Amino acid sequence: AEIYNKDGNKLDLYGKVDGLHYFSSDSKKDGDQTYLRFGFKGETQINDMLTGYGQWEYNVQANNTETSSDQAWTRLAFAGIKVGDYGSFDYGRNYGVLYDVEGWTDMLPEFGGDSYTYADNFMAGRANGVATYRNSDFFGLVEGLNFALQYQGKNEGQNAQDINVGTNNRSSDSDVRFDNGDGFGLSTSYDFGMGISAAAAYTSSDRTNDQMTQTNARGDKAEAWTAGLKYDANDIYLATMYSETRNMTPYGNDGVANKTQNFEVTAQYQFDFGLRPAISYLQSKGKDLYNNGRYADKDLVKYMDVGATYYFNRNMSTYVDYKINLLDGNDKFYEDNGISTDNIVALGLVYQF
């Protein structure tokens, strides 16, 4: 929504209101889930080949009481500059380069995008303090090939004992799993012109001393790689992705997997009158999980999804999503770690601007 355009500067507001209800036997997911997003995007024309921009995206939950706490948080906040064809650079809270692939399959009515991607988890998704350089023609060598170089500085929690550990942006009571040391990321994507497109991403970062000592994943670095393909043409949206992670992905209340194998696939069709059904599959196979002095292999995430979204227009929509969780509810591992096994049904009515 363009609301300002004077003196070579543009400011657009954007957000949504999601009237959302969950039907699920898991009493931690069942119930009202109404939330909203508010934010702005502005961009200023410095000169004919230079532009500056900043972006804010805020999440505000509306399903708890006005006395409830911590119902609002920021998803994105970054500033950046784009030098025409030479590329762009941004810094702040932005998406991890790994998400350059995961976005292709993070396109379900309500659920999805969570086989291995978590917020504040190295560069798996949205991260604090990422410097991201991107370019749309790979240094002019290949038109249509996107490239990304990304670097994320340390976000380490302090210790009440010695005051020389950590960074400002992690409280002492931080969950150690969502901390990280410094790290870089690489990603690139291509559209072949036939509606078939490919992308891949690679990141590698150090893990904080406290992660090496207090988590049940052993090792000094967190690494990830992903590739994906999508077919987006003739009213069809097909997107699949495979990924692997080492000493990075969390699971349960207090677990890190030394290794994961992850797969997602989403198959969708777009009817001309507004209905968009979608069939999807998501899996995360944990590996070498250190439980009680011994290793074991368990599915951390595994569910099939069927659902549809109906678009009245670009500004209003409603949808249903059915998450059929295939994790074994009779495997005590899940309850023990607090990983839910139950199903969810989502009902959503969404205004956008």
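Counting begins at 1, following the sequence as shown.
Colleague: Pick between 290 to 298 and 318 to 326: the one whose mean CA B-factor in the entry is higher.
Modeller: For C-alpha atoms only, the mean B-factor is higher in 290 to 298.
Colleague: With respect to the recorded C-alpha B factors, which stretch has the higher mean value, 168 to 176 or 90 to 98?
Modeller: The deposited B-factors put 168 to 176 ahead on the C-alpha mean.
Colleague: Quick one: which of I196, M241, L108, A201 has the biggest Cα B-factor according to the entry?
Modeller: The record points to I196.
Colleague: Grab the CA temperature factor for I46 from the record and place it in the lowest, middle or highest third of its chain.
Modeller: Its C-alpha B-factor, which the entry lists for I46, ranks in the highest third among residues of this chain.
Colleague: Among the chain's modelled residues, which third holds the C-alpha B-factor of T215?
Modeller: Within its chain, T215 is a highest-third residue by C-alpha B-factor, going by the deposited values.
Colleague: Would you check the entry's CA temperature factor for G113 and let me know if it's in the chain's lowest, middle or highest third?
Modeller: It falls in the bottom third of the chain.
Colleague: Using the temperature factors of the C-alpha atoms in this entry, rank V83 within its chain: lowest, middle or highest third.
Modeller: Answer is highest: the recorded C-alpha B-factor places it there.
Colleague: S280: which third of its chain by C-alpha temperature factor?
Modeller: Lowest third - that is where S280 ends up once the chain's C-alpha B-factors are sorted.
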